[PDB]
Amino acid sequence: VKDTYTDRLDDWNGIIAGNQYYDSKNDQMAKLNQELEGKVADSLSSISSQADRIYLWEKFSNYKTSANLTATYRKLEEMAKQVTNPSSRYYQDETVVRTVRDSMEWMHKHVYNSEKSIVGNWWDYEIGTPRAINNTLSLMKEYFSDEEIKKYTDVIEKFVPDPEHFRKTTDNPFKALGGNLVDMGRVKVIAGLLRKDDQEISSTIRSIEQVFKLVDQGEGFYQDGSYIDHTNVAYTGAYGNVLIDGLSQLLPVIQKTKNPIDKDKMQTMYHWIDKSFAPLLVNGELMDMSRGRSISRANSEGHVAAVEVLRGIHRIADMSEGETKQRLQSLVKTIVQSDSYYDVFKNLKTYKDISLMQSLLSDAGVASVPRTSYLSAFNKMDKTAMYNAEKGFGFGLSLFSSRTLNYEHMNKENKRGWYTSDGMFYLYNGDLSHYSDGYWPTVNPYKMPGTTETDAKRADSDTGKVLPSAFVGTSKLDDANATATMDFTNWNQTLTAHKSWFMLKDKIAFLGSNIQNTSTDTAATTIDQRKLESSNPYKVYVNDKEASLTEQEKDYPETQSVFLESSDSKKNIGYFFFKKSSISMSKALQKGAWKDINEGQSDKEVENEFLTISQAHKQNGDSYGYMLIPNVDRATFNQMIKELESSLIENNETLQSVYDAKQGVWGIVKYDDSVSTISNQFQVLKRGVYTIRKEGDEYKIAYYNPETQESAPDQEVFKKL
């Protein structure tokens, strides 16, 4: 019955597949089409023989394993996309039409129907499979009757009758929010359309509108740009991806129903883009510290995941108008063009998304200007993102506190992310491929960069924990200067350390004090564990003298500096130790497989060479202190360390401070309320984090008490002498 419902479904098909936009003369489109051709070809030659068949596909035959249901229906969706694509060799193919129809019927009878109960993961039964069924039926609606479409979607109403909750048929349902809530839309809004059910469409849209509300607690988007999911996990880069990706697909359809969403309610989407997503995108890569367990998926490395967000942003820009549309187009364009490592088209999986990107990149009317410097203090999720446009490097600080979980290990994914939030840092430089090409399965999980830990063995079965302390946070002064601290205690309460960071425009100082260890395990701080490029080797210098690193660890006592020299100055990394320190370094090939950190991934061996720098802490009360200076050549680095000779103000159990004489900026962390006199110019009076700038006889102050998550009147925390 061609009606308004089918009209909406046509729009939906144009969004999730876009065959109407296909052009065989379009190189990028032909590439996606050919990819679908091969997938359909493979599925057809392996699908089971309707003569006493026990399954459709042998590799997805154990229907006790819920993932097999979703994988099975997704193969049918691929067939639907090609049977409706005029340029596919399967266009209107009678055998494919019958295969989809017969497969739907078979699964309906023996595997997935209203009489079944959830076996395995609820997600497959309520989101993955319903979405695949909806899309298959929508795309091939001209090959199914309304009665058949209602028949194959009855099961969706059984497992997902309520647009506000998921797991409704289990003994522990939950409130749908964020990414999940958006998927609720892709399940019930589309099913509603297919079933011509007005109440389902309207009630579901009403539920979805909740996603536009910013929260000050719990899961969702925060005013400061943070995004929390799974109760207390920083998750902008995975669940937030799903949210923006899925919502941008749905909106064009929703806005054409009889229950469009108010334009002012949707205004917060622009806030997510500018506050939450943009800061996490550096040279086309989505910062891993925001992606949770997804970092353990081989097909979803940083640049790939970034496209999930970018394609969503672009669709939103396309449905916008005037300057809002223009500014968003410019954001997408500059980010994509800055990525010389990843081909954006590799993750634009529909013809419309491809078409949109191509027009964007060729439209001289859309400005593409390098992004300016910024520094986001995501205090509500304990992450900080810094970007310096003049020098061209990004910096990510991954922490956690009494308010957030350190790492997420679930669904057998991210088995070794134990220390990815123990003060771990990320450096985004000229090597855009650093955290890609197998970084996650080959990096030594016991030596995550920036972390202070003991060498005790950890079990893959362990799960995340929150921090005993709430004293973790960042005080931001401006777009280039901020200070952070973390009252760190390790997983088994055998080691502590006051870890602080001083972001000073073109460098970051790392200070650690009060390092205590009560175990018999050895303790140390990993200064860095950098993944190398066989094409761009580094020349290593210690105290400005060339060193030859080996697989075997070598000790370097009385170290003043370490410099990693590349042919490209934008890959250079220098470490300046305020006080001569005893460190050790090595360069070795590290092997591993994605399956080691994610049960569902390939066991194929992967390997990468890593340069590891460490500093042992053999006595209680130990400390470390060094300045990370990226993107400058050797001579400039050497010149800079002399300028910084007296930059360390203090690094003890109650006070940690670094001074940037060139900028006239101080970074200060106080663990108690004693009066601290700084550089004989002023005093700071309260426990907390400070970033101060002197401009003449004037002083600009940025104070933050991480525990109460509040600042305070200037006179309460600052006094000029």
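One-based numbering along the sequence shown. We call the rigid core whatever largest set of C-alpha positions still superposes within 1.5 Å between the two forms.
After superposing on the rigid core, the larger RMS C-alpha deviation in 5 other deposited structures of this protein belongs to 139-147, the other candidate being whichever of 451-459 and 139-147 remains. Take 598-606 and 169-177, fit the other structures onto the shown form by the rigid core, and average the C-alpha distances in 5 other deposited structures of this protein: the farther stretch is 169-177. The mean Cα B-factor in the deposited entry runs higher for 530-538 than for the other of 530-538 and 300-308. Mean CA temperature factor is higher for 156-164 when stretches 128-136 and 156-164 are set side by side in the entry.
Between the residues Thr452, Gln267, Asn631, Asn598, it is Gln267 that shows the highest Cα B-factor in the PDB record. Sorting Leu286, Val466, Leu181, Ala456 by the CA temperature factor given in the entry leaves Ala456 at the top. In the deposited entry, the Cα temperature factor of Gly664 places it in the middle third of its chain's modelled residues.
Per the deposited record, the Cα B-factor of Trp12 falls in the middle third when ranked against the other modelled residues of its chain. Placement of the Cα temperature factor of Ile316 within the chain: middle third of the modelled residues, per the deposited record.
Remark: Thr404 belongs to the lowest third of its chain, ranked by C-alpha B-factor as recorded.
Per the deposited record, the Cα B-factor of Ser203 falls in the highest third when ranked against the other modelled residues of its chain.
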